[PDB]
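Participant: Encoded as structure tokens, here's the structure I'll be asking about.
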Amino acid sequence: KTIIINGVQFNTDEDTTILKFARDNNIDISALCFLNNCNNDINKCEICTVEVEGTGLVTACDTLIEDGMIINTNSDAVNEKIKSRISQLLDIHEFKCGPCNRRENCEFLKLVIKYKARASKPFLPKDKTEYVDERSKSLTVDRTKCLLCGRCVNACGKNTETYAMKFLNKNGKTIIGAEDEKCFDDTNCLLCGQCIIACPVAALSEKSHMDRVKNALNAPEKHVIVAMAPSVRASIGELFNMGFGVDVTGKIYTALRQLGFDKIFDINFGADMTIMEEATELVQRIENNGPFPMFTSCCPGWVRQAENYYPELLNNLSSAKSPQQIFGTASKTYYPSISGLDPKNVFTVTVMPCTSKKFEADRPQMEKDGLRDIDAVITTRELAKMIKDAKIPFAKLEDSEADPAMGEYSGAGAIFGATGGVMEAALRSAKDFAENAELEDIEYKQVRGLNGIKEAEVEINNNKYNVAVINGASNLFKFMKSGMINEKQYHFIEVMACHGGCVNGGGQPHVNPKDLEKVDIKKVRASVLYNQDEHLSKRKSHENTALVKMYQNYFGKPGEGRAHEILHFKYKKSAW
Ligand code: SF4
Ligand code: SF4
Ligand code: SF4
Ligand code: SF4
Ligand code: FES
Ligand SMILES: [Mg+2]
Ligand SMILES: [Mg+2]
């Protein structure tokens with residue numbers, strides 16, 4: 001194939017699109033609605049317009065290169081078309097970047113600046129109320145920003161296969177929204193936030209908890225704990241121009257203290273708690289021969305998936321609370337027992353890579369004696385905004401340490417944020433528990449990485465067991481519908497709704513499509529976690545010294561008695 005682009009001849013056997021070929025050859029072509037290898041098939045944005053001689057204007061993102069093509073990407077006709085399409089979007093776009101939560105990394109703004117586009121008539125609604133949907137505990141929509149680019153809808157379909165995000169005809173006008181324009185929470189939506197991650201503008205956002213947090217911080221009598229997810233320390237630096245794959249754990253603890261939090265703990269401590277309980281449960285089921293399989297229950301996207309699509313599995317989920325909720329439960333019981341705080345005055349905040357966690361935290365029964373396990377959840381992005389609003393020079397901060405009583409963690413805990421991490425951590429403990437031993441071979445590499453469905457055979461106490469790690473909500477549907485679950489007897493199955501695990505969650509920093517071509521975001525964020533594991537002296541959850549003291553002095557033996565009564569949560573299917 002001979003191809004001419006802007007007068008440059010290429011000879012190639014490649015079978016690909018003009019966009020991808022141009023991009024591979026450092027020729028600039030803009031794009032908007034193209035993402036995840038899909039464009040918006042109905043109502044194409046045409047931002048990737050180029051000129052093919054003899055044919056006219058074509059969309060480079062979905063037009064294959066052909067031998068003999070002569071292509072101009074930067075002709076006056078091309079730029080005028082693209083400029084026109086951007087101007088048309090400005091006509092339906094509340095272009096007020098100042099207070100906008102995507103001000104610093106918005107794709108549309110870059111395009112507006114690049115083509116010097118202007119609205120015919122500026123879009124300036126006075127009553128945004130009709131345009132905004134904040135009903136959800138997790139997601140919010142601001143349709144004054146929406147480009148109808150279809151990226152949320154394609155990403156929902158690809159990532160989850162639920163198609164909970166849809167195009168809708170609302171009184172004759174096209175919008176995106178949930179089925180029947182219901183609140184997302186009241187539909188089959190997993191509240192995973194992959195739609196947000198796909199959004200080029202500030203149209204989709206997380207449901208804010210930042211005022212819950214600020215109010216508690218400013219309330220004189222409130223004692224505000226904060227505790228961040230595994231993934232936050234591998235990710236948040238991205239929003240402070242520190243690049244990718246930077247471990248900023250120490251800087252976060254310092255930042256959190258500068259924001260005025262009263263105690264700095266860590267959700268990885270809660271991940272060790274979850275393993276203590278989950279691994280103990282796994283050994284129990286093995287001894288009662290069932291029910292099998294046991295599924296993890298720590299991902300609320302998956303819990304919602306089970307609730308909405310496989311309620312028959314709800315009884316197979318581990319009764320262990322998730323690291324978030326189990327930590328929170330302890331934060332209102334154990335923590336007062338070792339601090340003297342009145343439990344009513346403890347306000348527990350988590351920092352998560354996740355939008356679904358907001359919903360988990362607000363489940364009615366996720367409380368005891370009137371006290372919420374978790375009072376607020378802020379996403380990685382929300383914490384980055386709080387830090388920037390406070391003029392905290394994050395990239396310049398010195399390292400500090402967590403408060404150890406609910407802040408220590410093992411390397412088992414540290415890897416939770418990657419797909420296969422829970423499985424690996426859980427097996428490090430279950431094997432030790434079952435064989436009553438302290439084994440030295442603790443790396444389960446076969447359950448790691450980005451394959452959609454991963455399985456392994458493991459030997460526990462001289463019997464074989466089958467494990468699977470389901471990596472992404474769409475892969476959970478594949479596993480079930482294809483009958484894979486019936487090819488053999490599965491004993492323990494991990495499910496994460498987000499592909500890559502929590503490091504790719506819905507609350508994470510946006511990465512623009514070009515950086516994504518350049519960096520494997522799932523692997524690079526995950527690598528921070530595995531590195532921590534490798535350098536920690538304690539690499540099993542049950543060797544966490546602070547955790548051991550808590551169980552010895554307060555909860556007693558895992559998986560029974562007081563531990564079972566307050567650290568566990570069971571989901572029930574509705575009756576016939
Ligand atoms: S979505 Fe982007 S272009 Fe629109 S107001 Fe916000 S920052 Fe500006
Ligand atoms: S919400 Fe965002 S991703 Fe979805 S159509 Fe609107 S601008 Fe595109
Ligand atoms: S939160 Fe997840 S399941 Fe719900 S619409 Fe967005 S991508 Fe789809
Ligand atoms: S994989 Fe992690 S970030 Fe994604 S929905 Fe589940 S808990 Fe949330
Ligand atoms: S980027 Fe090609 S039509 Fe939208
Ligand atoms: Mg297409
Ligand atoms: Mg305070």
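Every chain in the structure tokens has a letter given in the order shown (A, B, ...), and although residue numbers restart at 1 in each chain, ligands are simply numbered from 1 in the order shown.
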Pick out each residue of range 393-564 of chain A that DSSP on the backbone tags as strand (DSSP E); I need them as a PyMOL selection string.
Facilitator: chain A and resi 453-460+463-471+492-496
Participant: Please list as a PyMOL selection string every residue within 6 Å of range 202-217 of chain A, counting only C-alpha atoms and excluding residues in the same chain fewer than 4 positions away.
Facilitator: chain A and resi 102+138-143+145-146+196+222+378
Participant: Taking only C-alpha atoms and all ligand atoms into account, report as number ranges by chain which residues have an atom no farther than 9 Å from an atom of ligand 5.
Facilitator: A: 19, 30-35, 38-41, 43-49, 58-63, 149
Participant: Could I get the residue neighbourhood of ligand 4 at 7 Å, counting only C-alpha atoms and all ligand atoms, as a PyMOL selection string?
Facilitator: chain A and resi 192+298-302+353-357+417+496-498+501-506
Participant: Just to be explicit: take each residue in the selection above, keep N, CA and C atoms, and write the result as a CSV table (one decimal), in the first residue's frame.
Facilitator:
```csv
chain,number,residue,atom,x,y,z
A,192,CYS,N,-20.1,2.0,39.0
A,192,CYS,CA,-18.7,1.9,38.8
A,192,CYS,C,-18.0,3.1,38.3
A,298,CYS,N,-16.0,-7.5,48.3
A,298,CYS,CA,-15.3,-6.2,48.6
A,298,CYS,C,-15.5,-5.1,47.6
A,299,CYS,N,-15.9,-5.5,46.4
A,299,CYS,CA,-16.2,-4.6,45.3
A,299,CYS,C,-17.7,-4.3,45.2
A,300,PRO,N,-18.1,-3.1,45.5
A,300,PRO,CA,-19.6,-2.8,45.5
A,300,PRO,C,-20.2,-2.8,44.1
A,301,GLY,N,-19.4,-2.6,43.1
A,301,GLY,CA,-19.8,-2.7,41.7
A,301,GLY,C,-20.2,-4.1,41.4
A,302,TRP,N,-19.4,-5.1,41.8
A,302,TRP,CA,-19.7,-6.5,41.7
A,302,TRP,C,-20.9,-6.8,42.6
A,353,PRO,N,-10.6,5.3,45.0
A,353,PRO,CA,-10.5,5.4,43.5
A,353,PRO,C,-11.8,5.1,42.9
A,354,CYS,N,-12.9,5.2,43.6
A,354,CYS,CA,-14.2,4.5,43.3
A,354,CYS,C,-15.4,5.4,43.6
A,355,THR,N,-16.3,5.4,42.7
A,355,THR,CA,-17.6,6.0,43.0
A,355,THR,C,-18.6,5.2,43.6
A,356,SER,N,-18.5,3.9,43.4
A,356,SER,CA,-19.5,2.9,43.9
A,356,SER,C,-19.4,2.8,45.4
A,357,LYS,N,-18.2,3.0,45.9
A,357,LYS,CA,-17.9,3.1,47.4
A,357,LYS,C,-18.8,4.1,48.1
A,417,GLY,N,-5.5,-3.3,45.5
A,417,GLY,CA,-5.9,-2.4,44.4
A,417,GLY,C,-5.7,-2.9,42.9
A,496,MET,N,-13.8,-8.1,40.4
A,496,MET,CA,-13.7,-6.7,40.4
A,496,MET,C,-14.5,-6.2,39.2
A,497,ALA,N,-15.2,-5.1,39.4
A,497,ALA,CA,-16.1,-4.5,38.4
A,497,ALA,C,-15.2,-3.8,37.3
A,498,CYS,N,-14.1,-3.1,37.8
A,498,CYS,CA,-13.3,-2.3,36.9
A,498,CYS,C,-12.1,-3.1,36.4
A,501,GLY,N,-8.7,-3.8,38.0
A,501,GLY,CA,-8.9,-3.6,39.5
A,501,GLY,C,-9.1,-2.2,39.8
A,502,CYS,N,-9.1,-1.9,41.1
A,502,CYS,CA,-9.4,-0.5,41.6
A,502,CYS,C,-8.4,0.5,41.1
A,503,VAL,N,-7.2,0.2,40.7
A,503,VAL,CA,-6.3,1.2,40.2
A,503,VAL,C,-6.9,1.8,38.9
A,504,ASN,N,-7.9,1.1,38.3
A,504,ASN,CA,-8.6,1.7,37.2
A,504,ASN,C,-10.0,2.1,37.6
A,505,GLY,N,-10.3,2.4,38.8
A,505,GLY,CA,-11.6,2.7,39.2
A,505,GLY,C,-12.2,4.1,38.7
A,506,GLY,N,-13.5,4.2,38.9
A,506,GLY,CA,-14.3,5.3,38.5
A,506,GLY,C,-14.0,6.7,39.1
```
Participant: List all protein, DNA and RNA residues that have any atom at most 7 Å from ligand 3, counting only C-alpha atoms and all ligand atoms, and write the list as a VMD selection string.
Facilitator: chain A and resid 152 155 to 157 159 to 160 162 to 165 178 184 189 to 196
Participant: Using DSSP on the backbone coordinates, identify all residues within range 146-251 of chain A classified as helix (DSSP H, G or I); present the result as number ranges by chain.
Facilitator: A: 151-160, 179-181, 184-186, 194-198, 210-218, 230-234, 236-240, 249-251
Participant: Quick one: of A:280, A:55, A:105, A:365, who's nearest to ligand 1, counting only C-alpha atoms and all ligand atoms?
Facilitator: A:105
Participant: With only C-alpha atoms and all ligand atoms counted, collect every polymer residue having an atom within 8 Å of ligand 1; state the result as a ChimeraX atom specification.
Facilitator: /A:93-110,112,145-146,200-203
Participant: With only C-alpha atoms and all ligand atoms counted, collect every polymer residue having an atom within 12 Å of ligand 7; state the result as a ChimeraX atom specification.
Facilitator: /A:213-226,257-263,345-347
Participant: Keeping only N, CA and C atoms, take the residues you just selected and write them out as a tab-separated table (two decimals), in the first residue's frame.
Facilitator:
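So the final result, stored in selection-v4.tsv, reads:
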```
chain	number	residue	atom	x	y	z
A	213	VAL	N	-17.27	16.43	54.42
A	213	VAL	CA	-15.95	16.33	54.99
A	213	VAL	C	-15.57	17.66	55.65
A	214	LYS	N	-15.68	18.75	54.89
A	214	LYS	CA	-15.40	20.10	55.38
A	214	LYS	C	-16.23	20.47	56.62
A	215	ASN	N	-17.51	20.15	56.59
A	215	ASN	CA	-18.35	20.38	57.75
A	215	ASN	C	-17.85	19.63	58.99
A	216	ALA	N	-17.52	18.36	58.83
A	216	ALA	CA	-17.01	17.56	59.94
A	216	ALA	C	-15.68	18.11	60.43
A	217	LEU	N	-14.81	18.49	59.49
A	217	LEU	CA	-13.49	19.05	59.83
A	217	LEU	C	-13.64	20.33	60.67
A	218	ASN	N	-14.61	21.14	60.30
A	218	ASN	CA	-14.87	22.41	60.96
A	218	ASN	C	-15.75	22.28	62.20
A	219	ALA	N	-16.44	21.15	62.38
A	219	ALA	CA	-17.22	20.95	63.60
A	219	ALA	C	-16.27	20.74	64.80
A	220	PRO	N	-16.37	21.58	65.84
A	220	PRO	CA	-15.44	21.52	66.99
A	220	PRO	C	-15.33	20.15	67.68
A	221	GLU	N	-16.47	19.50	67.85
A	221	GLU	CA	-16.53	18.27	68.60
A	221	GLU	C	-16.23	17.03	67.75
A	222	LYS	N	-16.15	17.16	66.42
A	222	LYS	CA	-15.93	15.96	65.59
A	222	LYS	C	-14.45	15.63	65.54
A	223	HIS	N	-14.18	14.34	65.73
A	223	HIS	CA	-12.86	13.76	65.55
A	223	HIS	C	-12.83	13.02	64.22
A	224	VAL	N	-12.18	13.61	63.21
A	224	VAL	CA	-12.27	13.11	61.83
A	224	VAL	C	-11.07	12.24	61.47
A	225	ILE	N	-11.32	10.94	61.35
A	225	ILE	CA	-10.36	9.99	60.80
A	225	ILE	C	-10.38	10.04	59.29
A	226	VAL	N	-9.22	9.89	58.68
A	226	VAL	CA	-9.17	9.66	57.24
A	226	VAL	C	-8.28	8.44	56.93
A	257	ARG	N	-2.74	15.63	56.98
A	257	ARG	CA	-2.56	16.35	58.24
A	257	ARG	C	-2.68	17.84	57.98
A	258	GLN	N	-2.06	18.33	56.92
A	258	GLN	CA	-2.22	19.75	56.61
A	258	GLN	C	-3.68	20.15	56.32
A	259	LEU	N	-4.52	19.21	55.88
A	259	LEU	CA	-5.93	19.55	55.64
A	259	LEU	C	-6.71	19.55	56.94
A	260	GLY	N	-6.08	19.19	58.06
A	260	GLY	CA	-6.75	19.24	59.36
A	260	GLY	C	-7.45	17.99	59.87
A	261	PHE	N	-7.24	16.85	59.20
A	261	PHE	CA	-7.75	15.59	59.72
A	261	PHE	C	-7.13	15.26	61.09
A	262	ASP	N	-7.93	14.65	61.95
A	262	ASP	CA	-7.49	14.44	63.30
A	262	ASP	C	-6.78	13.14	63.51
A	263	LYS	N	-7.04	12.15	62.65
A	263	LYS	CA	-6.29	10.89	62.69
A	263	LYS	C	-6.09	10.34	61.28
A	345	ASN	N	-18.82	10.98	68.26
A	345	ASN	CA	-18.02	12.11	67.75
A	345	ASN	C	-16.96	11.76	66.70
A	346	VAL	N	-16.78	10.47	66.45
A	346	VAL	CA	-15.88	10.00	65.43
A	346	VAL	C	-16.61	10.10	64.08
A	347	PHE	N	-15.98	10.81	63.16
A	347	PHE	CA	-16.47	10.94	61.78
A	347	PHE	C	-15.45	10.28	60.88
```
Participant: Could you state the separation of CA of residue 115 in chain A and CA of residue 57 in chain A in Å, given to one decimal place?
Facilitator: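 That distance, rounded to one decimal, is 17.4 Å.
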Participant: Work out how far CA of residue 372 in chain A is from CA of residue 332 in chain A, in Å to one decimal.
Facilitator: 8.2 Å
Participant: Record the distance separating CA of residue 252 in chain A and CA of residue 303 in chain A, expressed in Å with one decimal.
Facilitator: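 Calculated distance between CA of residue 252 in chain A and CA of residue 303 in chain A is 29.3 Å.
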Participant: Near residue 383 in chain A, within 10 Å and counting only C-alpha atoms, which residues show up once chain neighbours fewer than 6 positions away are dropped, as a ChimeraX atom specification?
Facilitator: /A:210,228,232,236,252,255-256,259,350-352,377,389
Participant: Between A:311, A:323, A:561, A:150, which has the minimum distance to ligand 6 (counting only C-alpha atoms and all ligand atoms)?
Facilitator: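 Checking each of A:311, A:323, A:561, A:150 against ligand 6, counting only C-alpha atoms and all ligand atoms, the winner is A:150.
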Participant: With distances taken over only C-alpha atoms, which of A:148, A:273, A:526, A:294 is nearest to residue 555 in chain A?
Facilitator: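 When distances to residue 555 in chain A are compared using only C-alpha atoms, the smallest one comes from A:273.
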Participant: Of the candidates A:363, A:151, A:573, A:135, which shows the shortest atom-to-atom distance to ligand 2, using only C-alpha atoms and all ligand atoms?
Facilitator: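 Of A:363, A:151, A:573, A:135, the one nearest ligand 2, counting only C-alpha atoms and all ligand atoms, is A:151.
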